[PDB]
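So the structure is just underneath, and the comments pick up after that.
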Amino acid sequence: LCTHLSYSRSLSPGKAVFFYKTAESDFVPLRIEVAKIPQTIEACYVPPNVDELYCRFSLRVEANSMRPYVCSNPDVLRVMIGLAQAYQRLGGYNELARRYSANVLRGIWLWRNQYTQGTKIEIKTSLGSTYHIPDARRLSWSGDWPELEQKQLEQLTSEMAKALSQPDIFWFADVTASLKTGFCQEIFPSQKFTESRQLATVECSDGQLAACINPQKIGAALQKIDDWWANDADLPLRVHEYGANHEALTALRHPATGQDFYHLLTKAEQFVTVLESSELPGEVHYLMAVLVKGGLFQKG
Amino acid sequence: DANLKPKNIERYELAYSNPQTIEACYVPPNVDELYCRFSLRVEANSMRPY
Amino acid sequence: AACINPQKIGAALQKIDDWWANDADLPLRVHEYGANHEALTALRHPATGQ
Amino acid sequence: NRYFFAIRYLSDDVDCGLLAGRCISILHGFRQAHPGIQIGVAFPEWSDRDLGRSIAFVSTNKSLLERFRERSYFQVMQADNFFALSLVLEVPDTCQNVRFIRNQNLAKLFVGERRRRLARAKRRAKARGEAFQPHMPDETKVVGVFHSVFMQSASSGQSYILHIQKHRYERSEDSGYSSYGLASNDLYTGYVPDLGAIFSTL
Amino acid sequence: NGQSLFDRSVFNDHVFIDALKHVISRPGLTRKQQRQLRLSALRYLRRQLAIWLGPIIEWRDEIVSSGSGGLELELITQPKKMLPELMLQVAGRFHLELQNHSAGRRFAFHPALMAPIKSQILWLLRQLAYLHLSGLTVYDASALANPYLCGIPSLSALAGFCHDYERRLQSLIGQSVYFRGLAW
RNA sequence: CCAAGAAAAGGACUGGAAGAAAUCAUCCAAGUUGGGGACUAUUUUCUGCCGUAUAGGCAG
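This is the structure we're talking about:
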């Protein structure tokens, strides 16, 4: 290893905002009511006579895991470059793109608000494509998707596979979903972290406030595609260097097992050798996923 | 510890979050374009030692 | 209001130096010792005479 | 002209909101056996931060209050060293009164209440034959401090919360207590002495 | 003085390090063997725990009996009855002291040593929970010892004092009483 | 049983008068802080009647 090594993030959303349409104007925000009772109570629900609620966010994808942002060691750099390319030319970006793409179309980024009478998801991109999932309530992590839907997963996978692997393509997606709702259904936006509770909003250009979901909360949902441990797929974990599992309060790739990122980072010379003899194993899939969610890998 | 002994930490002790305070900046909803501006002056001042 | 510092704009404008090693590559910010921040090194170390 | 007795909780881990609810339920059951009675509930350890670890009952009929004290629940809880009980004695003549009014208006702070109110309003319009055209209020309200008591429904499948406020007494009219020995904002006037005094007895 | 009151070398004993290894122990032996090695290690460590806090307890007893602001100074100044409640804090500091030592990096915060250390500390805390004439004042003493010398009053006068004091006491107590020496 | 034993330093008092610290002065030249991130969970707040009513009052 070496003293300085960093990657930046290769995939990121902006934030999500809730709103509805009227006959008089196209963008009316969903608002939150507060009573000072400081120590307050507050509430948010769809108001009477609005039949459906809209949620929207934007996504940029960048081929930025091909090269270290900073590296202080010429030998570490030579290897990391050789590895990313050794992988790229055998495929594998398709696999990562398939996993990311599946999560967008499924709709899990809606977290606790998935319980609707029918959710429709529409996607537009900067290359001129449009995708349409008429009903997002039925698509599993594991299983065969119904016809015409399986197909759009392949088409979206292809655009993203490119966005992740070739530079100088400026790829944007614009994701809007519609929630068909109940009579006065409660809505669950992001909460504020404090030292009673408060909810998060954003300001509109006209001064009104609106309910929202934070950027990283959308992001945490998209990248939850780690099921390469213990030969038991279950449900996937949010990619983490130690395999953290918040629900059970544990860690699946505890350093004690030799299965964490840092042990694996030191075997790069051996992986490149294998790729040259090539089948891609779980060990290199994990590593590539972490490099995409870049951060500090230092003080070796 | 020096890539040698992995530290004593019990499994559950790493499932905890690490809170932080940060500043951030985002473009507000419904703005069509953002502008950036600056001025530049150039002087013929390399002809002679200050 | 959010801004970009004067010398940060400046560092970008003066990023012009591909005269070393007879191989242009990418240009460096002009520096008396040829510093290269991305690689944490220096291209015109006094030991070279350059 | 007034008699009382008090109960204190001995355990440091006691949940006041859960436990207080049982004493009220007993009072209610007693009220059902003998409709023509009046017994008030007081909180002599009331605070702005919490409800307190003690409860007291106040009335005017000594012989009736003794009968209440003899209810089996209280006797069991004492025997197992959960409760400390006092005897029935006369209320001191040197104190001030408080109301302990309960406020159902606070229900409107929660989504479930608004949903029910509107569902009824829609249906109610059919008699009028006009289109359902509801009209909502503004974004800011101000309310006073209140504490919660956990309550079970009477012969049904529900549970809910009682919201208690404390008002200072002002004298007028004649009295009456609600089924829970609580006061109402209107047309249910009564009061209790604020016996935070002489509490060294338990 | 702003300095640590803790022992400067209780952790410099190679036996201490061994003792820890023995608490951690090993399979393959009989119950009697394991218990004998274990208990011996614990007794040793018990002593070390008493030594480790030694100068600290010494400070307390000396100062409190006779008549600032750091917790290792203030929490010991408090009532002995309170001391048992400091067990978790002491145990914490203990691991830290090991963490800061060249050898203790192999042991500090190891799960194996948790209960042992805590139990022995708790025990210790529960356990924790010649004629001397002082303050004499003389007015107008003769500072001229002999016609040749000024300074400390003549020693012949102190020997004198010891004896007049002895005679007065002897007339009060029926038993023989005798003064071998006198210090100043 | 001490270079041993005993011991009242007291009473009174005018420091005063007078004075100019001043003139002069150039701190300058160059410069990238940066990379990553879940505040909600074994929650307690449901079900109705009167009132034109998301107002105000009520039983369980």
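Chains as they are written, first to last, in the entry's author numbering: chain A, 3 to 39, 69 to 226, 235 to 317, 323 to 344; chain B, 51 to 100; chain C, 249 to 298; chain D, 4 to 205; chain E, 287 to 353, 362 to 423, 439 to 493. A virtual CB, placed ideally from N, CA and C, is assigned to each residue, including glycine.
Query, Result
"Alpha helix (DSSP H) segments (min. 4 residues) lying fully within the stretch 94-179 of chain A", "105-119, 124-137"
"Proximity test, Cβ basis, 8 Å: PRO137(D) and chain A", "yes"
"Sub-8 Å separation of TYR100(A) and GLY339(A) beta-carbons", "no"
"Test: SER10(A) CB closer than 8 Å to a CB of chain C", "no"
"N- and C-terminal bounds of the alpha helix (DSSP H) containing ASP82(A)", "It is not in any alpha helix (DSSP H) - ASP82(A) carries neither H nor E in the DSSP assignment."
"Counterpart residues of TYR6(D) in DSSP-defined beta bridges", "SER62(D), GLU93(D)"
"Any chain E beta carbon closer than 8 Å to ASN53(B)", "no"
"Neighbouring residues, chain B, relative to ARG399(E) (Cβ below 9 Å)", "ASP51, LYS55"
"Bridge partner(s) assigned by DSSP for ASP273(A)", "Paired residue(s): none; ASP273(A) is not in a bridge."
"Residue span of the beta strand (DSSP E) that contains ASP28(A), given as start and end", "Element bounds for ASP28(A): n/a, residue is neither H nor E."
"Chain D within 8 Å of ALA74(A), Cβ atoms only", "yes"
"Cβ of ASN95(B) within 8 Å of any chain E Cβ", "no"
"Under 8 Å between C-beta atoms of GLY386(E) and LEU392(E)", "no"
"Contact the stretch 72-79 of chain D vs the stretch 279-293 of chain C: 3+ CB pairs below 8 Å", "no"
"Simplified DSSP state of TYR22(A), which is helix, strand or coil", "strand"
"Beta bridge counterpart(s) of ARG171(D) as assigned by DSSP", "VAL101(D)"
"Environment of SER351(E) [buried if 16+ CB atoms lie within 10 Å]", "exposed"
"Spatial neighbours of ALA200(D) in its chain, beta-carbon cut-off 7 Å, leaving aside the 5 residues before and after", "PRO95, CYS98"
"Option in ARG34(D), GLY115(D), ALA128(D), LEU21(D) with minimal Cα separation from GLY184(D)", "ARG34(D)"
"Cutoff 8 Å: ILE112(A) Cβ touching any chain D Cβ", "no"
"The stretch 187-211 of chain A: positions lying closer than 9 Å to chain B by Cβ", "none"
"Own chain, CB closer than 6 Å to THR188(A), minus 5 neighbours either side, in chain order", "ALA128, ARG129, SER132"
"Cutoff 8 Å: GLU142(D) Cβ touching any chain A Cβ", "yes"
"Residues near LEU210(A) by beta carbon distance below 8 Å, same chain, minus five either side", "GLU83, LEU84, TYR85, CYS86, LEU141, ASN144, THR147, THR150"
"Inter-stretch contact (C-beta, 8 Å, three-pair minimum) for the stretch 186-194 of chain D and the stretch 98-111 of chain D", "yes"
"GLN70(A) versus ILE164(D) - alpha carbon distance", "19 Å"
"For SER151(D), the first and last residue of its enclosing alpha helix (DSSP H)", "Run containing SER151(D): none in the alpha helix (DSSP H); it sits in the beta strand (DSSP E), 150-155."
"Assigned exposure category for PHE20(A) - 16 Cβ within 10 Å defines buried", "buried"
"Beta-carbon proximity of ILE10(D) to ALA87(D), cut-off 8 Å", "yes"
"Residues of the stretch 268-286 of chain C with Cβ closer than 8 Å to any Cβ of chain A, in chain order", "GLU286"
"Contacting residues, own chain, Cβ-Cβ under 6 Å from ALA110(D) (five flanking each side not counted)", "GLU116"
"Beta carbon proximity, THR24(A) to chain B, threshold 8 Å", "no"
"Distance, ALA259(A) Cα to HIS302(A) Cα", "24 Å"
"Counterpart residues of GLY43(D) in DSSP-defined beta bridges", "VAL61(D)"
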